[PDB]
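Trainee: Structure in structure tokens, see below.
Cβ placement follows ideal geometry from the backbone for every residue including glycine, while neighbour counts extend to all protein chains displayed. No value in this document is a laboratory result; all are computed from the given coordinates.
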Amino acid sequence: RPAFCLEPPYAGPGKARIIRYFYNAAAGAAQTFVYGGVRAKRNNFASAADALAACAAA
């Protein structure tokens, strides 16, 4: 899987309140986090399905 799938989720310094998904490699699962709208890192998807497709393919 890509290395970014091993990244912790990054809320960043933004004040937005957006539900995003990251691949939690420790858990072997997609998980929700609160993204602030600025400076997203790569492990950051709109849906668990998108996070899983990138990181647990296939």
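Trainee: Which of the residues belonging to the range 41-58 are assigned to a loop (DSSP other than H, G, I, E, B) and surrounded by fewer than 17 Cβ atoms within 10 Å (Cβ to Cβ)?
Mentor: Listed by number, the residues that qualify are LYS41, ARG42, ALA46, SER47, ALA56, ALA57, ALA58.
Residue-by-condition table, conditions (1) in contact (Cβ under 8 Å) with a residue 12 or more places away in the chain; (2) hydroxyl-bearing (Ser, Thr, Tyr):
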position: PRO2; (1), (2): yes, no
position: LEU6; (1), (2): yes, no
position: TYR23; (1), (2): yes, yes
position: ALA27; (1), (2): no, no
position: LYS41; (1), (2): yes, no
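Trainee: Would you pick out the residues in the range 1-15 that are among the aliphatic types (A, V, I, L, M) and touching a strand residue (DSSP E or B) at 6+ places or on another chain (Cβ under 7 Å)?
Mentor: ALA11
Trainee: Within the range 2-19, how many residues are within 23 Å of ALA58 (Cβ to Cβ) and within 12 Å of the chain's Cα centre (by Cα)?
Mentor: Within the range 2-19, residues that are within 23 Å of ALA58 (Cβ to Cβ) and within 12 Å of the chain's Cα centre (by Cα) number 5.
Trainee: Give me a count of the residues in the range 15-33 that are in contact with a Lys or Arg (Cβ under 7 Å, 6 or more places away or on another chain) and assigned to a loop (DSSP other than H, G, I, E, B).
Mentor: So the answer is 0.
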